[PDB]
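Given next are the chains, with one letter for each unit.
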Amino acid sequence: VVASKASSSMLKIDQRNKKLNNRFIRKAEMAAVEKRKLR
Amino acid sequence: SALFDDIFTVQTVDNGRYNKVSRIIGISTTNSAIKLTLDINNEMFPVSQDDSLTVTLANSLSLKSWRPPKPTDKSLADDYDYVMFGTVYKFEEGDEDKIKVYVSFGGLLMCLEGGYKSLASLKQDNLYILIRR
Amino acid sequence: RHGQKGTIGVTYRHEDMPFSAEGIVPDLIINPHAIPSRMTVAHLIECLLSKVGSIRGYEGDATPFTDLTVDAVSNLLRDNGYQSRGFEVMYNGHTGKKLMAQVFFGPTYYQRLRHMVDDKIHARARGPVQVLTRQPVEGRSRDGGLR
Amino acid sequence: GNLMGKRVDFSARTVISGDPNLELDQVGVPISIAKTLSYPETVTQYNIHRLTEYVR
Amino acid sequence: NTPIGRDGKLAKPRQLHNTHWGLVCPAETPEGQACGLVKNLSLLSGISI
Amino acid sequence: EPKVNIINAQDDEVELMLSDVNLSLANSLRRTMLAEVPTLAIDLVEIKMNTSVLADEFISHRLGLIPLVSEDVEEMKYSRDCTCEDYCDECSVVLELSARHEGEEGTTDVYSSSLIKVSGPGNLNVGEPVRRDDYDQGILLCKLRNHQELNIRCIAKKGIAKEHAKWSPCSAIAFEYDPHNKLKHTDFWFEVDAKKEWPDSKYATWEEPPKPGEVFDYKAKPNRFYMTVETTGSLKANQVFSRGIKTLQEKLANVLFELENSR
Amino acid sequence: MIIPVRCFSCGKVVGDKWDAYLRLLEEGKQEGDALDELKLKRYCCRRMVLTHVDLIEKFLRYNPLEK
Amino acid sequence: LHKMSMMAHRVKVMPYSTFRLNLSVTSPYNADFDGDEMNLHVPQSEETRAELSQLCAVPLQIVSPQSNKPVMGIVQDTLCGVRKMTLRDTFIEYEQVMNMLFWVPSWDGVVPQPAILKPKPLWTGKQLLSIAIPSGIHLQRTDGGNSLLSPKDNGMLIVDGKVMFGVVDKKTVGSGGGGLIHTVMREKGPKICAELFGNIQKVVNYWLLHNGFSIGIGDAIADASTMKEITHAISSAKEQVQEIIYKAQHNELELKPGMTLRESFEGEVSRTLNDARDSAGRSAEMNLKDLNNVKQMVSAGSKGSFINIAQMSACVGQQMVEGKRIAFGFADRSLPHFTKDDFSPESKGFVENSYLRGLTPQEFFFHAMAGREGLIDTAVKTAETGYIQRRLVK
Amino acid sequence: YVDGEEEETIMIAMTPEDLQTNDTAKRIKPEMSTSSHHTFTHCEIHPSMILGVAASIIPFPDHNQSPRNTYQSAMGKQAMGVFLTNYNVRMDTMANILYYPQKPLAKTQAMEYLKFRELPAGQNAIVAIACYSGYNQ
Amino acid sequence: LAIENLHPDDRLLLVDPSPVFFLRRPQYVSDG
Amino acid sequence: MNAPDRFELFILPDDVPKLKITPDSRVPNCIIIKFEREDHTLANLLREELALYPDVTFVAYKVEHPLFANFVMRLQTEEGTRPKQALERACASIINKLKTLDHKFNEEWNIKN
Amino acid sequence: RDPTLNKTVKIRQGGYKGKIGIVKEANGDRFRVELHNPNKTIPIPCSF
RNA sequence: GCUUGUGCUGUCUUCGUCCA
Ligand SMILES: [Mg+2]
Ligand SMILES: [Zn+2]
Ligand SMILES: [Zn+2]
């Protein structure tokens, strides 16, 4: 393929952002559901 | 020059919906049964309950296009703190000695209830109200 | 994206548009009367969430049937140093004086539609006629007349 | 289709916009539409100079 | 597309039915003559083979 | 009588305070700096070859928006006021860009630093594209792969932002007066309490907050105006301010000349 | 398609900060922090860089039509 | 549809490719500026030009013979601005007064005396509006049995073309009969009336341009006390519906004459839910301040009504399909998320959330069903109405 | 998988939170008190999947009146964007391409599979809601 | 190490002079 | 297609004067001035300078249409003074104010640099 | 017939100085020249 | 001695625009 440097950088950014989203959004949702449950 | 003078005590101050306009009700100290209802601008002339006001009515300010007053010239308004100009839209010849005069100062309304003796001269087209405190 | 369509009525230059205290001018001014009758509350919620996202560098999640509330977005906006309900103090472009009312102000996603005035404008004085009826032809492309 | 209603000449169509600075009985017309449409004016001694200016 | 045509049109075939839930979009429909007759598949819908 | 006080100063932005001036004067100064200060920008593009993936008018529009150095643009003439044939050295600056990708792999970026000044006014500091540093590459113009070349010749002319926004020296001018709302020029929308629902201005500490027992002063007028002028690099901030003042003076002098000549 | 030269709303030059933005995102900075580092204060300018999609990278994958 | 759909205008040649209209003529044409197009016809003879200018001209069409009332009025932000500018606590300084007076084409060059002369000269908005009203006009209206001192600034009194009291709004400068437009048309003729439209629009547009008006998300948000009251009302109504359900399921329900048990039960439940939505909306609308923008637009009469405020802030209410609650399209239920034989309000199409709060998926689907009903009804009845109109004309 | 005919015999929970038994800003869920207990057989994967391709572009559709959702579903197919990335090698009768497409700041989760972030059809404009000069009525 | 490895009392000393579920981090390739 | 040239906002035609003054006979000592190829920038400045003069009794301006670059000013002065002289005095006064403002700005910039 | 019809021309004076065009109509001195970039045709005297 | 040329299909189908 010989990918460009900008495209490879964007792919790395996308992988990091996907991992960070999958952690943080899930943790926030768990905190929200436990708070709604304890009420 | 002037058409009516008296001194009133404010019984009530009703602010209502407005932030800059209040409706005051007053009765003459000297001669009872002479009531005054008036809308005034709070920002430029604030009044409180039980204050004493000197209300004067005149058909002219002397001693058609408006212009800012020169400092050199002088008029009746120099002696007072609050001056308004309106039009009389109703002169009510009611009971034996119950006379109502309705004036509108650009939408700010006034009703002066009194006897024919005092308010006989108020049958004009326009009136100035000069207020001192 | 909420069924609010419209056409450009006029264009103003940079110095004629109203501006905020930090110098931001809108790309677009729409009338307040479009909102109450059509009840597009999602337009205002989207504008508020987009303002928060552009300030913080995130993308707002506008999926339906979620736990998002207007007050959480308002708290986030307030923490960033803005009025929590999306209002701003604005100044008149012509005079530089403050406006007595504050203006709802923020980014909204708009789209350009295929209907442009220069593809629709059409006038005819005289021109081609039909062979059978000797009446003007139909269609703007054929230089036709109106019925 | 051809007697009770028909297609006619000397007509124009375009999108409409609002104008707060127009009178109630006024309509704003694009310059291209004004160039396309015409009115036949009779030459008299009250308007011959204006009409020949238009012709020039 | 539902081939019922223009002649003999009625509200009932054009209506959004209870059984349409999760199978066709409740919002996307053309305006005018084909209102309610042209439908669009929901996002997780499938057709049996 | 008018006073100027400078808070922060930089090449590309100045934050000042104007006092003892009318609101109309400050607003007219803001408008003049936004729309009427002349600069230099590319106006004609001759394309000799363009085999990139971008349309010709796309690249022309991008070229128009590149800020050029306009320090000596006051000594230049307007193209319509120049008696010369075609374009000369006294009313235009000629720039040339030639880019190509060598090799069969990779991509080449075309930056505004690749624009080379070929001709212009003698000894005037005009024409060169603005650059933040010596190692800065500038604005990204296009991208090229193998066998794709761009070869253009641009002509920079003098103009103002009234004709097109590419000639504007400023980006945004912050403008503000009366942070504590003593003049009551705005009426604050609120739900419970207006005081705690509205953020404080950034100049709120520069003025004394009103006393609780104070009454409204109806004789007051706006007196102190805070403004920040941000420039695109084509001119320095002080240059923009001075030339805005000069442009306003020239407009007023033209009005006075027309009045005196009317007799 | 390619990063705009100027911000649409105010006209600040944002066309020289795309590669620095990608570099900062590569280093691990958050998007808001990266925009803060590039001195983009007004959200009108932050919108320009935050919402840009680089379509020219897809257009460049097709073979050139002239050689 | 009627003879005011074709009117004769005067040409003004202008740049750009659109036709331009005064906004007061958009009502007889039933036009708006979201993509509409209009046709123009040029007369080709002196007689035809005279016919157009003396019979079909716009000023001659202000009053329609259909209901002997005007068809053109003050609309949109001019209506909102004329309500805002004629409030009792609106005051204007001398410089802005000079600008607004110069904006009036029919102004005679004489500046009126200010309402307040000392300590600072201030004019009111009623004076500046009265400048645009021709002299010799008398109008008097009574609202809610108000007296001649008008404590709430309602009613109307104009003497010699000068406003004495009363907020000018839809009831005065709208298209209704007996208002200012009708009086000016009868007293002074069509030309003066058209100039009145232009004068009012110019003054109000300048004042509104320099004052401002907006709307935001915060204008649909009621405080916590009102939300508690609305929630209590809706819960009490749902308990009442539950009691009605129990009574109908134990043969203790009164039968409305001329209707079956099921029909009476459905009508009584629908009446209860309608009363619930009305009560919640009335609470929400009473909560609103005067500075609320939705309230200002509704009070001006320029856009919106009570139901819009009710649905945005308090409760969307009950969704009706064919004049009845949501039917059982499945086997004895409306959706597969409910159990069989469920007559509760939420099971049959009652939306208890507002638009600000957000709908649940069941409520979303029921609301979509009702909207689809509306679209089908319009697009089906149009052809029958057109055919009836053609037969009547022929 | 279940079709419309088999749906008449099943009991579906709307959310996984529904499987287990006073804020003025949060929406209110049905009580479902008519039955003492509920034995669900199925659960929805996500309720927002009842929408189609065109209605998945609307942000917050549950805060809108439904005719406006229908109008947006109609109009979103007439927006100008980038229909394909190979528009240069194609010879179509008509084609419109936007200079600077931008992805929306407010997005839905269904936009991920519609490729809307890679081929967007609009721009984020700064919008004020105001009666400025009467030219936006 | 990171903020998580910091002692809770020292984390309490980091006072601004929590993430929310509806603020995603932007992507470029998406999925599907 | 029907869009006017952008340079028409500020370039004055050969046959169009920059300034046309006519009297307003309704009130004494009033003139109507028509400014061509100008906008709010000059109008507001001149108006609010003139409004502070004791011998100026009326001053106003209006831009009739935003698509045309012109404005019209109405000016009325006292019996002794002529309106044109007041306009010239206003122009000279604003020029002097801008001159001292520029001087002080240059002084402060040199101090702070 | 003028020898300048359908020929590339350049404008040397006025508000369109230095713009390349093509002569389309030439009756009396007022040559009609289409402009290469602005999609429009403008009148111009032959002197320019 | 050399002169500037003078017009347009039909019939269906589909998709759309503004009202209703
Ligand atoms: Mg329409
Ligand atoms: Zn030259
Ligand atoms: Zn910006």
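What counts, and where the lines are drawn
- Residues numbered from 1 in each chain as written, not as in the entry; some residues may be left out.
- Chains lettered and ligands numbered in written order.
- Part of a larger assembly, values for the part shown.
- Heavy atoms only, no water.
- Helix = DSSP H or I, 4+ residues; strand = E, 2+ residues; numbered from the N terminus.
- Buried < 20%, exposed > 50% of the residue type's maximum accessible area, 1.4 Å probe, protein only.
- Areas by Shrake-Rupley, 256 points an atom, 1.4 Å probe, with all protein chains shown as cover.
- Pairing = 2+ DSSP bridges.
- Contact = heavy atoms within 4.5 Å.
- Axes fitted to C-alpha atoms, helices over the stretch in contact; angles between N-to-C directions.
- Donors = N, O, S within 2.8 Å, 3.2 Å for Na, K, Ca; no water.
- Tetrahedral: all angles 85-135°; square planar, octahedral: opposite > 155°, others 65-115°.
- Buried area = accessible area lost by both parts, 1.4 Å probe.
- Salt bridge = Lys/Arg side-chain N within 4 Å of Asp/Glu carboxyl O.
- Polar contact = N/O pair within 3.5 Å; in protein donor to acceptor, adjacent residues only side chain to side chain.
- Nonpolar A, V, L, I, M, F, W, Y, C, P; charged D, E, K, R; others polar.
- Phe/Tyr/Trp six-rings, centres within 6.5 Å; stacked < 30°, edge-to-face > 60°.
- Parallel < 35°, antiparallel > 145°, perpendicular 65-115°, else oblique.
- Left-handed = near helix turned anticlockwise from the far one by under 90°.

By the method listed in its record, cryo-EM, this PDB entry was determined to a resolution of 3.4 Å.

Moving on, we come to the overall build of chain A. Helix and strand counts for chain A come out as 1 helix and 0 strands. Dimensions of chain A, computed from the C-alpha atoms along their principal axes, are close to 55 × 15 × 10 Å. With 39 residues in all, chain A has 26% of them scored as buried. Looking at chain A as shown, the accessible area adds up to about 3,000 Å², and 59% of this sits on carbon and sulfur atoms.

Before going further, it helps to spend a moment on the sheet that holds strand β4 (residues 123–129) of chain I. Pairing in this open sheet of 4 strands is mixed, and the strands run β2(C)-β4(I)-β6(C)-β4(C) from one edge to the other. Since the sheet does not close on itself, it has two edges, and those belong to β2 (28–30) and β4 (87–88) of chain C, each with one partner. With 3 bridges connecting them, β2(C) and β4(I) associate as parallel partners. For C:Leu28, the partnering residue across the bridge sits in β4(I) and is I:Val127. On the sheet, helix α3 (residues 43–50) of chain G packs against β4 and β6 (103–110) of chain C together with β4 of chain I and is oriented at approximately 160° with respect to β4(I).

Moving on, we come to the coordination of the zinc ion (ligand 3). Residues and elements named next belong to chain G. The coordination sphere of the zinc ion (ligand 3) contains the protein donors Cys7 (SG), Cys10 (SG), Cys44 (SG) and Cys45 (SG), at a distance range of 2.3 Å. Geometry at the zinc ion (ligand 3) is tetrahedral, judged from its 4 donor atoms and the angles of 101 to 113° they form at the metal. By relative accessible area, which is 0% here, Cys44 ends up buried.

Counting residues at the interface gives 62 residues for chain C, matched by 52 residues for chain I. The contact between chain C and chain I buries some 5,300 Å² in all, and 61% of this surface belongs to carbon and sulfur atoms. Of all residues in chain C, C:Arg1, C:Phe65 and C:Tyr109 bury the most surface against chain I, accounting for 15% of the area lost on that side. Close ionic contact of C:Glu59 with I:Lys103 constitutes a salt bridge, the shortest N to O distance being 4.0 Å. Linking chain C with chain I are 30 residue pairs in polar contact. At the level of elements, β2, α2 (41–56), β3 (59–61) and β6 of chain C are the ones that each hand at least two residues to the side of chain C that touches chain I. Across the side of chain C that touches chain I, the residue classes break down as 30 nonpolar, 21 polar and 11 charged.

Counting residues at the interface gives 8 residues for chain J, matched by 8 residues for chain I. Taking both sides of the interface into account, the surface hidden between chain J and chain I amounts to around 690 Å²; carbon and sulfur atoms contribute 36%. On inspection of chain J and its partner chain I, the count reaches 0 salt bridges. Counting the contacts that link chain J with chain I gives 4 residue pairs in polar contact. Its residues placed into classes, the side of chain J that touches chain I shows 3 nonpolar, 3 polar and 2 charged.

The final tally for this structure, using the stated rule, is 39 aromatic pairs over all chains. Ring geometry for F:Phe58 versus I:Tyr100: centroids 5.3 Å apart, planes at 50°, classification tilted. Pair noted here: F:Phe58 is in helix α2 (residues 56–64) and I:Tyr100 is in the loop between α1 (66–75) and β3 (106–107), and the two residues belong to different chains. Each member of the pair F:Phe58 and I:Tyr100 is classed as buried. Relative to F:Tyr226, the ring of F:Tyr203 lies with its centre 4.4 Å away and its plane at 10°, an arrangement referred to as stacked. Placement of the pair is F:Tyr203 in the loop between α3 (194–197) and β12 (224–231) and F:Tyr226 in strand β12, with a sequence separation of 23 residues. Judged by relative accessible area, which is 4%, F:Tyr203 ranks as buried.

Here we take up the packing of helix α5 (residues 125–132) of chain H against helix α8 (residues 190–211) of chain H. Residues and elements named next belong to chain H. The N-to-C vectors of α5 and α8 enclose an angle of 150°; their axes lie 8 Å apart at closest approach. Judged by the angle between their axes, α5 and α8 are roughly antiparallel. For the crossing formed where α5 meets α8, the hand is right-handed. On α8, the residues that touch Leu128, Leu129 and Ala132 of α5 are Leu196, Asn199, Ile200, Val203 and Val204.

Taken across its 10 residues, helix α3 (residues 76–85) of chain H has 10 buried, putting it largely inside the fold. On the buried face of α3(H), the contacting elements are α4 (94–103), α5, α6 (170–173), α8 and α11 (293–300) of chain H.

Moving on: the side chain of E:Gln15. Within the secondary structure layout, E:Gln15 lies in the segment after α1 (11–14). Within the structure, the side chain of E:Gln15 is placed 2.5 Å from the side chain of H:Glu322, a separation counted as a polar contact. For E:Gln15, the residues in contact, after removing those within four places along its chain, are E:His20, H:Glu322, H:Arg372, H:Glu373 and H:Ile376.

Here we take up the coordination of the zinc ion (ligand 2). All names here are of chain F. Those donors, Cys82 (SG), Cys84 (SG), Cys88 (SG) and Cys91 (SG), are the protein atoms that reach the zinc ion (ligand 2), and they lie 2.3 Å from it. Because the angles between the 4 donor atoms bound to the zinc ion (ligand 2) fall within 106 to 113°, the donor set is best described as tetrahedral. Between the donor residues of the zinc ion (ligand 2), the gaps in sequence give the motif C-x1-C-x3-C-x2-C.

What follows covers the packing of α4(H) against α8(H). Residues and elements named next belong to chain H. α8 packs onto α4 with a crossing angle of 145° between their chain directions and a minimal axis gap of 8 Å. The two elements α4 and α8 cross, and the hand of that crossing is right-handed. Contact residues: α4 offers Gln96, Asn99, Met100 and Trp103, while α8 offers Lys202, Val203, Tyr206, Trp207 and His210. When the residues that make up the contact of α4 with α8 are grouped by side-chain class, the tally is 5 nonpolar, 3 polar and 1 charged.

All right, on to the pattern of salt bridges then. In total, this model carries 66 salt bridges over all chains according to the counting rule given. Note that C:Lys51 and C:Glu88 form a salt bridge whose closest N and O atoms lie 2.9 Å from each other. Of this pair, C:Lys51 sits in helix α2 while C:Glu88 sits in strand β4, placing them 37 residues apart in sequence. Of the two residues, C:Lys51 and C:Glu88, both sit in the buried class. Beyond isolated ion pairs, a larger network of salt bridges with shared partners links C:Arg13, C:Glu15, C:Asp16, F:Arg31, F:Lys162 and K:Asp39.

Moving on, we come to the environment of I:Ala25. For I:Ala25, the location among the structural elements is in the loop between β1 (12–13) and β2 (42–43). For I:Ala25, a relative accessible area of 11% translates into the label buried. In sequence terms I:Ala25 and I:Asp62 are 37 residues apart; their C-alpha atoms lie 14 Å from each other. When near neighbours in sequence (up to four residues on either side) are disregarded, I:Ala25 contacts C:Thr69, C:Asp71 and H:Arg357.

Among 31 pairs of chains with at least one contact, chains C and I form the most extensive contact set. What separates chain F from chain J at the closest point of their C-alpha atoms is a distance of 16 Å, and the two make no contact. No interface is formed between chain B and chain L, the nearest pair of C-alpha atoms being 48 Å apart.

Turning our eyes to something else, we now look at the sheet that holds strand β10 (residues 156–159) of chain H. Residues and elements named next belong to chain H. Ordered by their spatial adjacency, 3 strands build an open sheet running β9-β10-β11, and the pairing between neighbours is antiparallel. If you trace the sheet from one side to the other, it starts and ends with β9 (139–141) and β11 (162–165), each paired once. Averaged over all pairs of adjacent strands, the angle between strand axes in this sheet comes to 25°, irrespective of strand direction. Across 3 bridges, the pairing between β9 and β10 is antiparallel. Across the sheet, residue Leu139 finds its bridge partner in β10, namely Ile158.

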